[PDB]
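The figures that follow rest on heavy atoms only: side chains count, while hydrogens, waters and symmetry mates do not. Chain identifiers are assigned alphabetically (A, B, ...) following the order of the sequence lines, protein sequences preceding nucleic acid strands; residue numbering begins at 1 within each chain.
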Amino acid sequence: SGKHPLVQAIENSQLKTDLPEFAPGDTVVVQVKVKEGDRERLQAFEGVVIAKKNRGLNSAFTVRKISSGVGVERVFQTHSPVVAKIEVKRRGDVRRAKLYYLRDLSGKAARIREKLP
RNA sequence: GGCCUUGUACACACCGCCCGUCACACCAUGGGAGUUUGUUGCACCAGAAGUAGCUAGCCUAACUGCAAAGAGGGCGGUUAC
């Protein structure tokens, strides 16, 4: 809430209200709307959350995965309608907010320990 | 020119035979800056399915228990090859 109240009201008018709770280090699945022609479908994007930005309607989060041997990252915008659904598969236990050190690790070295209840 | 003996790689029989360099043509081959294929010895990295061990996170028909539960099992995690 570092913006003017009018901007805050205009932004708050468009907030999603069913977002789950997740943190860096968690592995998540994102259902992404894909529209070609008149054809609509949901594509799954599963991976580790390596960064989270809490900025109200300007919130974002970065998901990293290994796809066919090639690392790929996507920075989703949390309140965008293209993000249909987010599910948390497993909760991770980490020591810092940003996990960029994972980019230089491969295989067993990049494993994230599960957070035990 | 004629007889005996002797040496000979000559027998078209010394107007014999025959060797090497240089020139011409053809063939196979050695060396050679490098270019390239296969295979292999060490050292390290990564590492599937599978097998062996550990683990106590989650889920659970046959057995025990009136029931909470227990035993057993499965999924997962983890190490070695």
| query | Looking only at atom P, what distance separates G57(B) and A71(B), rounded to whole Å? | reply | 13 Å
| message | With rounding to the closest Å, how many angstrom separate the P atoms on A46(B) and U79(B)? | response | 12 Å
| note | Contacts of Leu116(A) and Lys108(A) projected onto RNA chain B by closest heavy atom; the upstream (5') one is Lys108(A)
| said: For the P atoms, the ones on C42(B) and on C75(B), what distance do you get once it is rounded to whole angstrom? | reply: 39 Å
| query | Mind telling me if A23(B) is north or south by its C1'-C2'-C3'-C4' torsion? | reply | north
| field | Sugar half of pseudorotation for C75(B) [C1'-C2'-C3'-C4' sign: + north, - south] | value | north
| note | Checking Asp26(A), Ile50(A), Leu99(A) against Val94(A) for side chain to side chain contact (heavy atoms under 4.5 Å, CB included), the one that qualifies is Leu99(A)
| Glycosidic conformation of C63(B), taking syn as within 90° of 0 and anti otherwise | anti
| message | Please give the distance between the P atoms of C22(B) and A28(B) as a whole number of Å. | response | 22 Å
| query | If we take the P atom in both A80(B) and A49(B), what is their distance in whole Å? | reply | 15 Å
| field | Intra-strand stack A11(B) & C12(B), ring centres under 5.5 Å, planes under 30° | value | no
| Within the structure, does a side-chain N or O atom of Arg111(A) lie under 4.0 Å from either OP1 or OP2 of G76(B)? | no
| message | If the threshold is 4.0 Å, N to carboxylate O, is there a salt bridge linking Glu73(A) and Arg64(A)? | response | yes
| request: Please state the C1' separation for the pair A69(B) and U60(B) - nearest whole angstrom. | output: 14 Å
